[PDB]
Structures are given as C-alpha cells and as structure tokens.
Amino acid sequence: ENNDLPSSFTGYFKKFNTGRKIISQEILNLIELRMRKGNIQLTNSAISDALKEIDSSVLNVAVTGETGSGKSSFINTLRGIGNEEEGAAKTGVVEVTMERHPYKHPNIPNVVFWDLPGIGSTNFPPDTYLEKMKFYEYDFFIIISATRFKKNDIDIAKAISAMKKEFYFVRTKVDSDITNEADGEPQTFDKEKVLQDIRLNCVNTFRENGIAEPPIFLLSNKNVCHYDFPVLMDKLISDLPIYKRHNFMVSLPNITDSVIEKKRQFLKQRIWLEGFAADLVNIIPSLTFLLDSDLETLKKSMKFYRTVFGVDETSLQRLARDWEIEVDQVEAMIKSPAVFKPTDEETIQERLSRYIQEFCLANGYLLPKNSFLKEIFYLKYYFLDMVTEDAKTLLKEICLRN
C-alpha cells in the first residue's frame, strides 16, 4: 500500500465521520507539515500540545427547573451515579440553599454539572436570576420540565431568547403520559402519536410566547436510552468546539451500543496520536520484550478504559448489588478484569505477548512495510476492543434483566 509516513498518519483520520474526529483538520495539518519536514522534536511537540488542549478542556453544564422536574435523576444519570449513592444530587436540596451546586464527573473531573435552583424558589426575576446564576459561564444551559409547563420555566426561556442566546429543553416523564393514554384510551392509544403530540405542544408553547423554539428532547429517567437521550447526546456533542468533544464523549453514560461505539472510535484516534508522539520503530511488535516501564503504562491505560466504559471495579460490584449476585459472577461475564490477574495458565508477559500476536494477525501492523507503532500501543488498541466488547456485553445483561 502506501509506504509514506506523513501520508499514512493523516490518512488514518479519514476513517471517521467529520463530526467524530477529535482533532481539527488545521491541527492535523500542523502535525503533518512538521512530520513532512522530518522535524521529530517539533512533531512530537505539536501532537503533545494537541492532546494537552483536549485534556485540559473544561466543560460546564447548567441544569435548571422546578423541583420534581427530574433535575436530579438527570444530573445523576449523566454522571453514572444512582439516585442515592454518596455524591448524588438530592431533591430540593439546592432549592432551599438558593444557590447553584456543582457536580464534577466522577471519572472526568473536567466535566461539571451545575444544579441551579428553580427560579420559583428564588426572589430573583428572570434577568436577575440568570445574572446571579452566571449564565455566560456554561457551554450548555438545560431547562428541565415534566408534564406541566411551569410559568417560571417559560419566563426564563423568554429571558434567554430575548437575550439572543440558546438553551436546551429536556422534557421528562414522557412515560407517564404514554401510560395515561393507554389506560383511558383502549384502542385510541398510540405511543408514537402521543409522543408526537407532546412534542408539538412544547413547540407551540415556545412559539406562542414568542420564544425562538429550542432543541426539544422528550425522555424518561425511568428508562433512558429509550427516547431522545441518544439524540440529546449527539446534539450536545455536535454543538461543542472540536477540542472539547473528547472529554465530554468519554464522560457520557454508556446507555447504548452507539454511545459505546462512539467512545471507542474517539479513543482509537487518541492511541494513534500517542503512538506517533512516541515515535515509530522498525522492529516487529511481537518480537519486543515488555519492560515494567511499559506494564505500568498498560495497567494505567486499562484502568482508565475500564472506568470510561463502566466495567471497572466499582461499576461491577454496583451491578452485583442490583442483580443480587456477586462481583465474581459478574467479572465472569466479561474479559478485561482478568488481564492482570496471575493464573495457573500464564503470567502477565505471556498473556500480553499472545495478545500482540493475535491483534496483528487479525489487523496487521497499521503502518507501511517495516514501520511499526511501539508494542505498548497495539496492546492499548487490544485493551480498547476488549473493554468496548465487555461494556456491550454488560449493557445486554442490564436490559436482559429488564
């Protein structure tokens, strides 16, 4: 195929949708220009900066609404926390306080959810409210409502729109409405129709009050991944500057296979980046000896991936708790927990040695003839596929246990 490095390096990213790239074209060109000239110190530095930006990226998400709107369950769902685990948002807690309480993401501390007090329980008018709540500090400004449209909510929307700014409308408890129509309306019932009506009623409420009509999302916290949740996350990511997508993408709850699959694609681009900033070699990866200086990097990488896909230690026992079984049985459903557990069958070195042969037999080296990433990186790809698979497996169990 292509025996050119600069060319092969950037040729890799065309394997992802324009919106699922984690680095801009411009930045990608910078890296190539340097690489083209052969200036190794500068191309490593360029990549390094690019990853520095991605990581240091901070994300502030503001969520507002009246009590019982679903505001807590929402924020907790976006953090992978139960509605009662230590560090969860509680109802009316912020309302009484009358002050915004932040909630850093457990694994991605750079992602912050700001639970804002319902304007109803504050002696602040719309504009003063936003002012006190520091509106221009959030990347996202969500307004959450349930079945009844609150007059307060309307005024806030009216203030933001009149301000020429944007916000998202997350309507919850849609499940309640579908169960009510099904009950009283035997045949004249249809979730698809009920859904449509609820949506057009939100649309008009905004139009009627002279609001520009924002992105609307109907959903249920008593059964996420079922309605506009997947769409909600796609929209949120799409509205982000490229460099901020990575951190928010990997933070997202693993509610569907697509979310999970989208996470893997992002990380497959990070490995490639790390692989090159680390500099290529001419020795076949399966013929290398793994140093402890490497086994660590790989143990650290595995802990991160596992956490990102919710198949780590905590997440596991948490699931054992629900299903009333034990972690063991759970770890027996997936593969990643075993990787670093010494068994009578083989030692770490022996196992990782095999993973590299299998990976390259199935995927070949990803570069031009006699060019290779350092072994340590092919293993990350391997770990990444294993974790992705595991998350998917467990997600099936979660649903298979209704």
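One-based numbering along the sequence shown.
- Looking at mean Cα B-factors across 132 to 140 and 257 to 265, the upper value is held by 132 to 140.
- Stretches 219 to 227 and 114 to 122 differ in mean CA B factor, with 219 to 227 having the higher one.
- Out of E66, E375, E358, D49, the entry records its largest CA B-factor for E66.
- Residue-level inspection of the entry shows that, of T307, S293, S73, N247, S293 has the top Cα B-factor.
- When all modelled residues of the chain are sorted by CA temperature factor, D279 is found within the middle third.
- Per the PDB record, residue ranking by Cα B-factor puts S315 in the middle third of the chain.
- Per the deposited record, the Cα B-factor of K235 falls in the lowest third when ranked against the other modelled residues of its chain.
- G364: CA B factor in the lowest third of modelled residues in this chain (values from the PDB entry).
- Among the modelled residues of the chain, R171 sits in the middle third by CA temperature factor in this PDB entry.
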